[PDB]
Amino acid sequence: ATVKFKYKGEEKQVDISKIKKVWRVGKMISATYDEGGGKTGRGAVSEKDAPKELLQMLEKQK
C-alpha cells in the first residue's frame, strides 16, 4: 500500500520506500519524500488517501 498524493492535476504516484518522514501534526499533514540528494517534494494527505501500514507499524511492533 503506497502513499499516493495528487488531488487535482499532476500524474506521478509516490512509493512507500523514498520517505523523509513527518506524518503527525494537526489537520494538514505535510507530505515529505526524498527525491535524490536533498530536494523534498511538499504535498497533502488528510485522511482518505492515507494507507493501513503507516498506522499499525509507526513505531516497529513485535
Self-check item: Calculated from backbone phi, Karplus (6.51, -1.76, 1.60) coupling profile of the stretch 4-11 in Hz, x at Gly/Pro
Solution: 8, 9, 6, 7, 9, x, 5, 6
Quiz item: Label-point separation (nm) for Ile16 and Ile29, each offset 7 Å from Cα along Cα-to-Cβ?
Solution: 1.4
Exercise. Pairs of Cα atoms under 8 Å, at least six residues apart: use those to get the relative contact order of the chain, whole percent.
Key: 29
Quiz item: According to the Kirkwood expression over distinct Cα-Cα pairs, how big is the hydrodynamic radius of the chain, in Å?
Solution: 12.7
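Only the coordinates and a few stated rules stand behind these numbers; no lab work does. Ideal geometry is used to build each Cβ from the backbone, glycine not excepted, and the neighbour counts take in all protein chains shown.
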